[PDB]
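Peer 1: Got a structure for you, questions after.
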2 protein chains.
Amino acid sequence: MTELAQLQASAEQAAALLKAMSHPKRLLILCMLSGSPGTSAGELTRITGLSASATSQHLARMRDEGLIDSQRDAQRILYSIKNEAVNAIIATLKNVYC
Amino acid sequence: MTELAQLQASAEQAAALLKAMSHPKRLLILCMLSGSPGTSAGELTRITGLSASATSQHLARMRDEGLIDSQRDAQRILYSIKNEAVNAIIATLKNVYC
């Protein structure tokens, strides 16, 4: 009950975060962005081994869900982690799987 | 890149774990179960606000996904957290949202 009392008001938000992270290729992308100032789509396509279009869909959806944001200039678009909760969950997963 | 290198071989299992936890009522269940092994379906039903049947389906699925285990006798089935990664994620969600 203490634990439940702690977290229940935030349960739909937490579950939503976990759901948006619950795809292995989104984890790879979130891992590469974590701690990075701005990574391009082309770089993320290489690390995930997805098509460019799949990479771009993952990115467009992740931004709309509030996980990541993007910085644009005349030449390109770069992505970064927006939601610090993502970085917290990535560090835990590290501590679990290593 | 380091995060990517540590976790990438685990990303499919990591995603699966997050996906199994990515329901608000499943989070309340896992919170209630923290520290409190051997909890019955009827108590969990009462705290999720779900039907008895819906609770038991969530429980069966989380057991199948390795998150919880169960103990059964002639009278009742009781549930407890099995995967300590659950406790890790719960504790991070607490730090993030509380």
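Every chain in the structure tokens takes a letter, A first, then B, and so on in the order presented; its residues are numbered from 1, and the ligands are numbered from 1 following the presented order.
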List the neighbours of residue B:56 out to 12 Å using only C-alpha atoms; skip same-chain residues closer than 3 positions along the sequence, and give me the result as number ranges by chain.
Peer 2: B: 25-26, 29, 40-46, 48, 50-53, 59-63, 70, 77-79
Peer 1: From chain A, collect each residue whose DSSP state is helix (DSSP H, G or I) and return the set as number ranges by chain.
Peer 2: A: 2-20, 24-33, 41-48, 52-64, 84-97
Peer 1: Sort by chain and increasing residue number a table of all residues of chain B within 6 Å of chain A, each with its closest pair of atoms and their distance in Å to one decimal, counting only C-alpha atoms, and write it as CSV.
Peer 2:
residue,atom,partner,partner_atom,distance
B:1,CA,A:32,CA,5.4
B:3,CA,A:31,CA,5.3
B:4,CA,A:31,CA,5.2
B:11,CA,A:24,CA,4.9
B:12,CA,A:24,CA,5.1
B:15,CA,A:22,CA,4.3
B:18,CA,A:22,CA,5.2
B:19,CA,A:22,CA,5.0
B:22,CA,A:15,CA,4.4
B:23,CA,A:15,CA,5.1
B:24,CA,A:11,CA,4.9
B:28,CA,A:4,CA,5.9
B:31,CA,A:4,CA,5.1
B:32,CA,A:4,CA,5.6
Peer 1: Cα-based RMSD, chain B fitted onto chain A, all atoms paired in sequence order: value?
Peer 2: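 Once chain B is fitted onto chain A, the C-alpha RMSD works out to 0.6 Å.
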Peer 1: Could you check how far atom CA of residue A:82 sits from atom CA of residue A:58, in Å to one decimal?
Peer 2: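 So the answer is 14.9 Å.
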Peer 1: Please run DSSP on the backbone and report, as a list in words, all residues within chain A that come out as strand (DSSP E).
Peer 2: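 Here are the strand (DSSP E) residues of chain A: residues 39, 40, 68, 69, 70, 71, 72, 77, 78, 79, 80 and 81 of chain A.
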Peer 1: Deliver the residues from the most recent selection as a file, using N, CA, C and O atoms, as a compact mmCIF listing (two decimals), in the first residue's frame.
Peer 2:
# COMPACT_ATOMS: atom_id res chain seq x y z
N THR A 39 21.93 13.93 -32.56
CA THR A 39 22.33 12.92 -33.49
C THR A 39 21.44 13.01 -34.72
O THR A 39 20.26 13.18 -34.58
N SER A 40 21.99 12.81 -35.90
CA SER A 40 21.20 12.79 -37.12
C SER A 40 20.47 11.44 -37.34
O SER A 40 20.85 10.37 -36.77
N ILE A 68 11.60 12.71 -27.21
CA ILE A 68 12.77 13.29 -27.89
C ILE A 68 12.33 14.61 -28.46
O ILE A 68 11.16 14.86 -28.61
N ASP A 69 13.29 15.47 -28.78
CA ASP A 69 13.00 16.65 -29.55
C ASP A 69 14.07 16.80 -30.62
O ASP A 69 14.95 15.98 -30.73
N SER A 70 13.94 17.83 -31.45
CA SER A 70 14.74 17.87 -32.67
C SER A 70 15.15 19.34 -32.79
O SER A 70 14.44 20.27 -32.32
N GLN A 71 16.32 19.55 -33.38
CA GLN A 71 16.87 20.88 -33.62
C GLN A 71 17.09 20.93 -35.13
O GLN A 71 17.72 20.03 -35.70
N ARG A 72 16.56 21.94 -35.78
CA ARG A 72 16.67 22.06 -37.23
C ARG A 72 17.33 23.34 -37.71
O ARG A 72 17.01 24.41 -37.24
N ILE A 77 18.46 18.11 -39.51
CA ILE A 77 17.73 17.90 -38.33
C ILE A 77 18.47 16.91 -37.42
O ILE A 77 18.96 15.83 -37.87
N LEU A 78 18.56 17.29 -36.15
CA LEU A 78 19.24 16.51 -35.16
C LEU A 78 18.31 16.30 -34.00
O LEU A 78 17.56 17.16 -33.64
N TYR A 79 18.45 15.14 -33.39
CA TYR A 79 17.58 14.65 -32.32
C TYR A 79 18.32 14.49 -31.01
O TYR A 79 19.50 14.20 -31.03
N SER A 80 17.58 14.65 -29.89
CA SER A 80 18.13 14.65 -28.53
C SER A 80 17.03 14.11 -27.64
O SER A 80 15.81 14.21 -27.97
N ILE A 81 17.39 13.68 -26.45
CA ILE A 81 16.35 13.23 -25.43
C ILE A 81 15.66 14.41 -24.81
O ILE A 81 16.33 15.33 -24.38
Peer 1: Could you tell me how far atom CA of residue B:38 lies from atom CA of residue B:73, in Å and to one decimal?
Peer 2: 11.8 Å
Peer 1: Mind giving me the straight-line distance from atom CA of residue A:64 to atom CA of residue B:65 in Å, one decimal?
Peer 2: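 Atom-to-atom, atom CA of residue A:64 to atom CA of residue B:65, that is 28.8 Å.
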